[PDB]
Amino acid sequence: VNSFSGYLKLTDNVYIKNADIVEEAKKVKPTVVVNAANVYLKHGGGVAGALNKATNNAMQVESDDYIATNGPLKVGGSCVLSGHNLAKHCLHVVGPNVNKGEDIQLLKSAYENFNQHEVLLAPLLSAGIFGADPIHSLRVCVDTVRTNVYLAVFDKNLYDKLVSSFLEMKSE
């Protein structure tokens, strides 16, 4: 468990890899895989749908049970559900949907949830369907997270641009 391999280390606690989060989950067997969710735990495109599909939809049924009991999450909030076959647990975190003008400042709140967990395999919250700049998502992660976060970026082109943007931002 937690056998992460082939990451580039950006800070003492932030690692990045050009990889699909589901395939990493299957290789690594993490204690915590992070889902970039919405407040209803309705897993659409993006990481949520990729993770959900890999669980043969058990993730969405569990989420439906969670929501029926406790109601929707808040933006910036989270909940720990089961990791099924991918991880021990899945951290479901709701970043701001900047497409709907939700407060980008809640991206910081979202990443805070990471600090409740020694080690996580995570994507870049709000960076796809929710419309945030991926560079900005990385900046907020490295600035907010103090635990060990292994970031999976599947698109090689985004990953190269993200590394070169981080080198610039760290050196100023």
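A residue's number is simply how far along the shown sequence it sits, counting from 1.
Q: When the C-alpha temperature factors are averaged for each of 98-106 and 85-93, which stretch ends up with the higher value in the entry?
A: According to the entry, 98-106 carries the higher average C-alpha B-factor.
Q: What third of its chain's C-alpha B-factors does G46 belong to: lowest, middle or highest?
A: Within its chain, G46 is a highest-third residue by C-alpha B-factor, going by the deposited values.
Q: Within this chain's modelled residues, let me know which third the CA B factor of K27 belongs to: lowest, middle or highest.
A: It belongs to the highest third of the chain when residues are ordered by C-alpha B-factor.
Q: Would you please rank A54 by its C-alpha temperature factor against the other modelled residues of its chain and give the third it falls in: lowest, middle or highest?
A: Ranked within chain, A54 CA B lands in the lowest tercile.
Q: Ordered by C-alpha B-factor within the chain, which third holds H117? Give me lowest, middle or highest, please.
A: Lowest third, going by the recorded CA B-factors of the chain.
Q: C-alpha B factor of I135, ranked within the chain: lowest, middle or highest third?
A: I135: CA B-factor falls in the highest third of its chain.
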